[PDB]
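Just one chain is shown here, as structure tokens, and it is the form deposited in one PDB entry.
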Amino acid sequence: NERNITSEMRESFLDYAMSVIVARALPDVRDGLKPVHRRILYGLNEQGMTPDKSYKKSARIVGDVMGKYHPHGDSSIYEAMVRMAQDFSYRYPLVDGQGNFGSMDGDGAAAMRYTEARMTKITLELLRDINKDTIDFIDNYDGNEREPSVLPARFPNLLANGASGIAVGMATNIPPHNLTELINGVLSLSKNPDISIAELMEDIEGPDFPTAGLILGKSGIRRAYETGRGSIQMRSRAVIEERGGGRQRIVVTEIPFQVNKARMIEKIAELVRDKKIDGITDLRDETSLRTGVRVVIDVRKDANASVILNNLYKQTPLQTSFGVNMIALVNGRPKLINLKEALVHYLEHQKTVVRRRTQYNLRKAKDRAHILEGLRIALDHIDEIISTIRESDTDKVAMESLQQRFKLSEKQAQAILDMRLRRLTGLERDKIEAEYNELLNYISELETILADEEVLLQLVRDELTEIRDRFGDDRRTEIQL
């Protein structure tokens, strides 16, 4: 058969580009995840690889996620999972790793045959209420499994851990933030829908990196929040200590986010050997675990350390910019979103999650109360019920006879037929009445939530505050005025 070259180029390229955009490189606005991450977390959840249980071998997690949800390379899965376990990559890590999971110096993690993982306690909040019809499930690549379209995400993950992805025709670069600051901003938005970005910034001061450090001015942040795009100046934490009789040394304790420590040191070393920076006698990486990042630059006598340090900020990645480009999938399509839009979309997801949960909980409660009514009729007239069953030749006849005589439903009659003889004891009869009465009170409680949109909004606020009090931590990055 025949095929036009222009048609083949347009059709094939659009197929790839759209797939990279909606199913690879860009995160969802609601849960802040790319498909690979969502598949790793759901895979951990389905396999019961929770914080309370032992670490499970990385190769088993990777193979499961691959065979069931991610039709790609084992390396691309393992590597995505590794990043989620790194306390220098993820502001609130989503994976709990055991073994070599890499360091700041750019070295990678050990091969998946040597590592072990499970989910962190915060990840349980991303998965919380997933099995309560809160989110929509879809068929997997082969059609032999089901997978989540989005996770409930009971904390604002997109803004919390940030995002960084290279698509086709576009890319994303969302910085990480402080959970306490974010949740407070979300609470302020729910109470005031016409809240300005300026007003929101009283809660959300700016990005909060896991690598800590410093941010130079609120100017860069403000632009990034109003438009979705802006450049944020990140600077290392460096101190000039007064050691010798005249001698002095620079100590780098915190480095910029996503900056490779070894590469940064190599860049400083290169300037010294090329004589592009004069004043450095020795440079050493004194970094340890209890010590943390410690890069020592010892300054030659009579040379100003303040001059050398400022020149290091300019000439090396000791000072680096963060080019904010807040692109996320909103209604399955890419969108450049501002700070408020990110929060509004997140709040809507929470409103839906909580409503859908309450609706599910109610269906189940109404269903159970119905069965309990049936069992209550049964127990009140057991001599007759037993008689009716015994007189019946088949299960079909017993089902019909019970329904017709005691005005019971198909479900109520089936529940009675499945009732064990031990339910006829004194205490077991009293338990049924106690369950029914407590259940009617729960049904009313749920019905009240769905009746008032403000009660439902208050429940979202209450649950968000609970997460803030449990997982919210101190701000790491210092924003200098």
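In this text, rigid core is short for the largest set of C-alphas that superpose within 1.5 Å between two forms. Residue numbers run from 1 along the displayed sequence.
- Relative to one another, 332 to 340 and 246 to 254 have unequal mean CA B-factors, and 246 to 254 is the one with the higher figure.
- Per-stretch averaging of Cα B factors for 356 to 364 and 306 to 314 places 306 to 314 on top.
- Remark: of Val299, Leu126, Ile327, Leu402, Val299 shows the highest value [criterion: C-alpha B-factor in the PDB entry].
- Out of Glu373, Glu145, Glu286, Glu79, the entry records its largest CA B-factor for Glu286.
- Compared with the other modelled residues of the chain, the Cα B-factor recorded for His177 ranks in the middle third.
- Sort the modelled residues of the chain by CA B factor and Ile138 lands in the middle third.
- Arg118: CA B factor in the middle third of modelled residues in this chain (values from the PDB entry).
- Annotation for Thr388: CA B-factor lies in the lowest third of the chain's modelled residues.
- Per the PDB record, residue ranking by Cα B-factor puts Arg83 in the lowest third of the chain.
Same protein, other form: the form deposited in another entry, not shown, and the subject of what follows.
- After superposition on the rigid core, the C-alpha displacement between this form and the one not shown reaches 2 Å or more for just one residue among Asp136, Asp142, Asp194, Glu391, namely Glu391.
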